[PDB]
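Reading through the structure tokens given below for one structure.
In the text below, chain A, chain B and the rest are named by the order of the sequence lines, each starting its count at 1.
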Amino acid sequence: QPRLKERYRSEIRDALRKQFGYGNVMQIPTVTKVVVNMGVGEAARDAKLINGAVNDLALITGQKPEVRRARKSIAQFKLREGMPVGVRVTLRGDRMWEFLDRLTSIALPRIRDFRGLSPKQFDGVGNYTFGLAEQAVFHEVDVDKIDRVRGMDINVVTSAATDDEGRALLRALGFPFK
Amino acid sequence: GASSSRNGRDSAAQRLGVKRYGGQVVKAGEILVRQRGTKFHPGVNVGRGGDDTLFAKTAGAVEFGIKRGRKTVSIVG
Amino acid sequence: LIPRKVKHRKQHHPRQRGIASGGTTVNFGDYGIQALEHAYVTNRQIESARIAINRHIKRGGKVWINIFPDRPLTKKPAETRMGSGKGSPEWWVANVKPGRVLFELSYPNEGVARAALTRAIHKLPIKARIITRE
Amino acid sequence: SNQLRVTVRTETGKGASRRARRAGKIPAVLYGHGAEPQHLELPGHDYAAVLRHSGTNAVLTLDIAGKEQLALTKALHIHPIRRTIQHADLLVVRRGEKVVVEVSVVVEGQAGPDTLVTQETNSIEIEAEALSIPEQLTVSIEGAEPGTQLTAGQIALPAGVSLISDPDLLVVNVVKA
Amino acid sequence: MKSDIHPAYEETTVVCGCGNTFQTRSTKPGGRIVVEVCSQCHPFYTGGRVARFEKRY
Amino acid sequence: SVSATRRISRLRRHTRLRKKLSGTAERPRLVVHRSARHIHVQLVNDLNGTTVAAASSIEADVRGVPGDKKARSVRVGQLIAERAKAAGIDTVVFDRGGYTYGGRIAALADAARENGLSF
RNA sequence: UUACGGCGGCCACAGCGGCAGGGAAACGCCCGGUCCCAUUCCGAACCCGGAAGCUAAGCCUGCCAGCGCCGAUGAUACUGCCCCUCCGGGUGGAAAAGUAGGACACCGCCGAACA
RNA sequence: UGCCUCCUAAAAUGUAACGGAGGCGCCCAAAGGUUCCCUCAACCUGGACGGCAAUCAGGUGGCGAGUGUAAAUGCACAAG
RNA sequence: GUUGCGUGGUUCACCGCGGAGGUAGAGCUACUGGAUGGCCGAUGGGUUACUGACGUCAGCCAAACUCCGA
Ligand SMILES: [Mg+2]
Ligand SMILES: [Mg+2]
Ligand SMILES: [Mg+2]
Ligand SMILES: [Mg+2]
Ligand SMILES: [Mg+2]
Ligand SMILES: [Mg+2]
Ligand SMILES: [Mg+2]
Ligand SMILES: [Mg+2]
Ligand SMILES: [Mg+2]
Ligand SMILES: [Mg+2]
Ligand SMILES: [Mg+2]
Ligand SMILES: [Mg+2]
Ligand SMILES: [Mg+2]
Ligand SMILES: [Mg+2]
Ligand SMILES: [Mg+2]
Ligand SMILES: [Mg+2]
Ligand SMILES: [Mg+2]
Ligand SMILES: [Mg+2]
Ligand SMILES: [Mg+2]
Ligand SMILES: [Mg+2]
Ligand SMILES: [Mg+2]
Ligand SMILES: [Mg+2]
Ligand SMILES: [Zn+2]
């Protein structure tokens, strides 16, 4: 039982009915999945995303990612079709709540010169995306066993209908917004 | 004078189309519709063929129909 | 007037039979020239009729050309025998059937408008007439 | 006001429509509220005059073999070259329904400055009771600068008459030159 | 596919220099992750030229 | 919705195998409809659309069978394997319904292959 | 007889959208991953074991012509044959478009509640 | 100059010109067989590098994508 | 074409019934292109009188356009 989940159904599940007046408890929003990907565009050249993007997202998240191939060739990017350019992991269930708790507690303040995340980065339904800029945010990877530094952007897909409904959920979980 | 050096050629006409019309009595094995693609689809007692050739599997009578937008050829034994 | 692309550079002739079933009333303006017989109206003939209407009213008013020359006609080189390919396209032509409104005009004076259109009909290879908005 | 004497057609077709026109008559139909359509002749010049006055809407009183019937003119088929009525669509009315009618917009005003006045639509389709049907509804220009353009919205239409065309039909546009 | 391809993943204790301690499931070998700053002790989590001339004189 | 996705996707799979499998008078079609609690089965004869035999888990004989949901799939597999033989049927074609062959549906199918039906 | 669950015919007059209401058994979301089985990563899905919760959604029912769809009668275009120098005419067929309108489907077998 | 596809070609088939447009003399051990599963392009919103457009997430989208290769006839049930 | 030997109404015409079409015509916010006048206005240009995309409102065209269709 991950501790961000038992904290979710204790007071977060009940505080949302009093802010947004739902009739039924099957309308209370909940985060369904957290998707992290790298997007290693500098792997069309030199073809080294093996130790780079695969072996650190296994250490950050806990399971081995999927490698995403390119769908159409773009000449200016020197990109050919069917060439690995992206590395993606998808987190459900207990490994999701154990990622979001580990992200907001000990990782999201390790951003250099951190003054909060924007609360306007919702797409229109209540799904939040923000981008990390380095791997040293996480202790689970080390600076001395890695290749070149690379960032990642993290989707948090919720059951929310609109944005401020999804903003009130992630505020109650512990996302820091400015 | 110039020339039509770029034109002047054609392939042979392939004799495509309906070979047995509606209500017409056929034998087993008779070719009903010769076509490119499925302009017509098989029905009951009709098979497609290797180059979409819609023959007869059973002696009977040819009847045309509709089956969810597609037009089909069937045999009533 | 000339198209900027055609899909087919060499075409058959448009067919001069029938009565016009579309474009047979005055839509845009007040006065209109209506065709009474079949002809091929080239783009050189339309521009001679546009400058003939515009130089008789000289300012004030609005001229509509609801006819475009997008059908090409071909021509062999000059002193040639018959038949070693189709000739290169030379003319641009609109197919004009009886009933088809060709030009439309708005002008405040009825006399000058009806006289500016008469000068256009003497620039066209058709018998035509002037009609109004019923 | 419009006494129009009709007679029921005997035989119908391509041949009988031509023979009725050589007698100066106009073929037409009368279809209305859920009835079978009537096939009937028109006296021609007496029908051509009654729409030459009174507009084209012009509520008609018919004489269908001794029987009286009120009819609006739904559609006309004009020959493109002879400019003569070939066929008429007449629909019955009863003393006020919300039937739909296009009616001409006449334009008033003076383009004082360097302004040309252009009109795009000639008639708006309003809905009104089936015996009033105003002759035309006007529009005016107060000396409009090249600019502000008048629309089907902000037209002057009386009581009972409702705009159901579109409230954005540009009826008059004013420009430079 | 959910067998011996994924990295090892078991229970892991996290402590901060502030005095925070809680218990998650992570990939650190031994389960002894130690942070210098966390969600409890970080800033942002708890928090004129006319006066320049006046200060000189 | 996840149920709106699941209904459309399983009847798209069920139309996918319907292109190659019909069911006739001599050889009816054993259609299974599997839910989270019960399973249903019937023999449909797709020439006039007339069911000739049916069985389910909601009737009181299968309702009082002990065990998991696979033990109640064998019992309903036994019932249509005799209501068909009472109706004069000894060969059928098996219809997945759009589900995967295996688990509870294969246990219905193995109870029907032992008690007389010959697919 | 059902504001029931299936399987078909049928493939928009049947769709798409809007607004309401529905939960006996059933259909579902749902709660879990020990066992069969599963993810180019993920028990999301597929599969299995369950019945704490709920009609919010699907599904069903009713109402809306809104966007789509169907669409005459008459007339015209075109046309077979014939007469006729053209023009046109006689006889036999006859659109597309638009209009009057229609339409928020209908039918069959099995199961359940009721008969 | 042989073969293949379209228009001419006059709603079966067939139809000429030194008439109007194009392709072929290959390629694939999978791009064959079967079994099962999936739905596209485009547009919109959000997102470290990252741009009109790489990878991601949510919408919308009944086929405008795709099909080894010309074109026609087909194929969303998929033949993708 | 004719003639010998066979076969016999199987040929042909009209009436009725069952069938497949994509020509004439017509239509195009049903596709691919061409294209007139407006309105809106991407961006380009010289700070905004010029270009005026995509859309939308009317009227049109096509052997190699077709939702239709004799
Ligand atoms: Mg050919
Ligand atoms: Mg072959
Ligand atoms: Mg037209
Ligand atoms: Mg119940
Ligand atoms: Mg689960
Ligand atoms: Mg509800
Ligand atoms: Mg008719
Ligand atoms: Mg029609
Ligand atoms: Mg022919
Ligand atoms: Mg032919
Ligand atoms: Mg060649
Ligand atoms: Mg293979
Ligand atoms: Mg090939
Ligand atoms: Mg395939
Ligand atoms: Mg006959
Ligand atoms: Mg017939
Ligand atoms: Mg026919
Ligand atoms: Mg064609
Ligand atoms: Mg034509
Ligand atoms: Mg166009
Ligand atoms: Mg424009
Ligand atoms: Mg055509
Ligand atoms: Zn601390």
Side-chain angles (χ1 to χ4, degrees), chain A residues 23-27 32-33 35 37-39 41 63-68 70 74 77 79 85-86 88-93 121-125 127 129-133 151-153 155 157, chain B residues 3-4 7-8 11 13 15 17-18 21-24 35-39 64 68-69, chain C residues 3 5-8 10-12 21-23 27-28 64-66 68 70 83-86, chain D residues 12 15 17 27 29 31-32 37 39 74-75 77 86-87 89 91 118 120-121 170 173, chain E residues 1-2, chain F residues 1-4 7 15-16 19 31 33 35-36 40 42 44 46 48-51 54 56 58 68-69 100 102-103:
Chain A
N24 195 358
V25 296
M26 297 298 291
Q27 287 177 347
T32 63
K33 60 181 173 68
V35 178
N37 60 339
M38 286 292 177
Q63 74 255 21
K64 188 185 78 68
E66 190 191 8
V67 179
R68 301 298 297 162
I74 296 99
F77 294 156
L79 180 60
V85 75
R88 172 174 64 93
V89 66
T90 301
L91 300 172
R92 300 299 296 261
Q121 289 178 354
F122 289 93
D123 52 356
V125 181
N127 300 317
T129 304
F130 69 101
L132 293 171
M152 68 194 80
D153 47 350
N155 302 110
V157 181
Chain B
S3 299
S4 179
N7 294 326
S11 66
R15 280 77 173 168
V18 176
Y21 290 92
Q24 186 170 0
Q35 59 181 357
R36 298 304 107 203
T38 57
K39 194 186 291 289
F64 290 86
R68 189 168 63 191
Chain C
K5 292 189 265 78
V6 291
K7 189 178 289 296
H8 299 290
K10 298 181 183 181
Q11 298 176 358
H12 302 312
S21 68
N27 296 119
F28 298 96
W64 287 272
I65 304 170
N66 51 5
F68 191 80
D70 54 354
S84 65
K86 190 170 181 65
Chain D
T12 293
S17 297
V29 288
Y31 53 90
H39 298 161
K74 175 60 71 176
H77 194 195
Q86 284 179 345
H87 183 267
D89 286 335
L91 82 161
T118 61
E120 286 83 6
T121 183
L170 181 60
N173 191 9
Chain E
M1 292 177 67
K2 195 66 179 173
Chain F
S1 178
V2 293
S3 70
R7 285 179 65 92
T15 308
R16 188 178 298 126
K19 295 194 290 184
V31 192
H33 172 67
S35 69
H40 309 280
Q42 62 187 358
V44 293
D46 286 332
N48 52 3
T50 301
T51 303
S56 64
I58 62 172
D68 55 352
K69 285 187 281 184
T100 303

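Under the Watson-Crick or G-U wobble criterion, with both distances below 3.5 Å, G108(G) is paired with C7(G). The pairing partner recorded for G68(G) is none, the criterion being a Watson-Crick or G-U wobble arrangement whose two distances lie under 3.5 angstrom. Using the Watson-Crick or G-U wobble rule with both distances under 3.5 Å, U34(G) pairs with nothing in any strand shown. For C3(H), the paired base is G23(H) (Watson-Crick or G-U wobble, both distances below 3.5 Å). Under the Watson-Crick or G-U wobble criterion, with both distances below 3.5 Å, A57(H) is paired with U45(H). Applying the Watson-Crick and G-U wobble criteria (two distances, each under 3.5 Å), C63(G) pairs with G18(G). Summarising the base pairing, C52(H) is matched to no nucleotide, lacking a Watson-Crick or G-U wobble pair whose two defining distances lie under 3.5 Å.
Between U56(I) and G16(I) there is no Watson-Crick or G-U wobble pairing whose two distances both come in under 3.5 Å. Nucleotides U40(G) and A113(G) are not base-paired: the Watson-Crick or wobble atom pairs do not both lie closer than 3.5 Å. Taken together, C37(G) and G43(G) constitute a Watson-Crick or G-U wobble pair, since both relevant N/O distances lie under 3.5 Å. With both distances under 3.5 Å, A112(G) pairs with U2(G) in Watson-Crick or G-U wobble fashion. Base-pair annotation: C5(I) with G18(I) fails the Watson-Crick or G-U wobble criterion (two N/O distances, each under 3.5 Å).
Nearest to the side chain of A13(B), among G58(G), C56(H), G14(H), sits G14(H). Across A56(G), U73(G), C47(G), the shortest atom-to-atom separation from the side chain of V29(D) is found for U73(G). Comparing atom distances between the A54(F) side chain and each of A21(H), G33(I), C110(G) picks out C110(G) as nearest. Across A75(G), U55(H), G34(I), the shortest atom-to-atom separation from the side chain of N37(A) is found for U55(H). You'll find that the side chain of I58(F) is closest to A26(G), out of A57(H), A26(G), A54(H). Checked against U45(H), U73(G), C18(H), the side chain of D123(A) finds its nearest nucleotide in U45(H).
Applying the 4.0 Å criterion to OP1 and OP2 of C39(I), one finds that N173(D) has a side-chain N or O inside that range. Taking side-chain N and O atoms only, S4(B) has a distance below 4.0 Å to OP1 or OP2 of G20(H). Here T38(B) does not reach the OP1 or OP2 of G74(H): none of its side-chain N or O atoms lies under 4.0 Å away. A close approach under 4.0 Å does not occur between any side-chain nitrogen or oxygen of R15(B) and OP1 or OP2 of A12(H). An OP1 or OP2 oxygen of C3(H) is reached within less than 4.0 angstrom by no side-chain nitrogen or oxygen of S11(B). Note on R88(A): a side-chain N or O is less than 4.0 Å away from OP1 or OP2 of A57(H). In this model, the phosphate group of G74(G) is not approached by any side-chain N or O of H77(D) to a distance below 4.0 Å at OP1 or OP2. For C7(G), neither phosphate oxygen OP1 nor OP2 lies less than 4.0 angstrom from any side-chain nitrogen or oxygen of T51(F). At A57(G), none of the side-chain N or O atoms of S3(F) fall inside 4.0 Å of OP1 or OP2 (strictly under the cut-off). Under 4.0 angstrom from either OP1 or OP2 of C10(G) there lies no side-chain N or O belonging to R68(B). Distances shorter than 4.0 Å separate none of the side-chain N or O atoms of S21(C) from OP1 or OP2 on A77(G). The shortest distance between the side-chain N/O atoms of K5(C) and the OP1/OP2 oxygens of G34(I) is below 4.0 Å. Close to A78(H), at under 4.0 Å from its OP1 or OP2, lies a side-chain N or O of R16(F). The side chain of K39(B) places no N or O atom within less than 4.0 Å of a non-bridging phosphate oxygen (OP1 or OP2) of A20(I).
A negative value of the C1'-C2'-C3'-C4' torsion places the sugar of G43(G) in the south (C2'-endo) family. Judged by the sign of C1'-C2'-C3'-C4', the furanose ring of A65(G) adopts a south, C2'-endo-like conformation. The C1'-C2'-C3'-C4' torsion of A12(H) is positive, so its sugar falls on the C3'-endo, or north, side. Residue note: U56(I) shows a north-type sugar, the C1'-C2'-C3'-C4' torsion being above zero. A south sugar is assigned to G51(H): the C1'-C2'-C3'-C4' torsion is negative, on the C2'-endo side.
Rounded to whole Å, the separation between the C1' atoms of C10(G) and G98(G) comes to 31 Å. Rounded to whole Å, the separation between the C1' atoms of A16(H) and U8(H) comes to 11 Å. The P atoms of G19(I) and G55(I) are separated by 44 Å, rounded to the nearest whole Å. When the P atom is used for both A78(H) and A62(I), the distance is 41 Å, rounded to whole Å. For the P atom pair drawn from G71(G) and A103(G), the interatomic distance equals 15 Å after rounding to whole Å. Taking the P atom of each, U79(G) and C106(G) are spaced 46 Å apart, rounded to whole Å. A distance of about 32 Å separates the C1' atoms of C109(G) and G18(I), rounded to the whole Å.
We find that CZ of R68(A) is positioned 5 Å from P of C56(H), with the value rounded to whole Å. Going from atom CG of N24(A) over to atom P of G23(G) covers 13 Å, rounded to whole Å. Whole-Å rounding puts the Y21(B) OH to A20(I) P distance at 10 Å.
Bases of consecutive nucleotides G18(I) and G19(I) are stacked, their six-membered rings being centred less than 5.5 Å apart at a plane angle below 30°. With the rule of ring centres under 5.5 Å apart and planes tilted under 30°, the neighbouring bases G43(G) and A44(G) are not scored as stacked. For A21(H) and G22(H), a centre-to-centre distance below 5.5 angstrom and a plane angle below 30 degrees are both found for the six-membered base rings. Using a cut-off of 5.5 Å between ring centres and 30° between planes, the six-membered base rings of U66(I) and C67(I) fail to qualify as stacked.
Counting any heavy atom pair closer than 4.0 Å across all strands shown, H33(F) reaches sugar-phosphate atoms only and no base atom. Within the 4.0 angstrom heavy-atom criterion, only backbone atoms of the sugar-phosphate kind lie near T50(F); the bases stay farther away. Residue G103(F) is classed as a sugar-phosphate contact, given heavy-atom separations below 4.0 Å to backbone atoms only.
Remark: side-chain polar atoms of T118(D) are paired, donor with acceptor, to backbone N or O of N173(D) under 3.5 angstrom. Looking at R92(A), its side chain never comes within 3.5 Å of a backbone N or O of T90(A) through a donor-acceptor pair.
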For ring-ring contact (aromatic ring centres under 6.0 Å, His included), just list the numbers for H77(D) and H87(D), CA-CA rounded to whole Å, side-chain angles, deciding distance to a tenth of an Å, and then say yes or no. CA-CA 5 Å; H77(D) 194 195; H87(D) 183 267; 7.6 Å; no
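In terms of position on RNA chain G, the residue among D46(F) and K74(D) whose nearest nucleotide sits closer to the 5' end is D46(F). Comparing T12(D) and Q27(A) by the nucleotide of RNA chain G whose heavy atom lies nearest to each, the residue mapping closer to the 5' end is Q27(A).
Nearest heavy-atom pair across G85(C) and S4(B) is CA-CB, 4.1 Å. Between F64(B) and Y21(B), the closest heavy-atom pair is CE1-C, 4.0 Å.
Annotation: the span from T129(A) atom OG1 to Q121(A) atom CD amounts to 8.0 Å, rounded to 0.5 Å.
Residue-to-nucleotide contacts include a donor-acceptor pair under 3.5 Å from the side chain of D153(A) to the base of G47(H).
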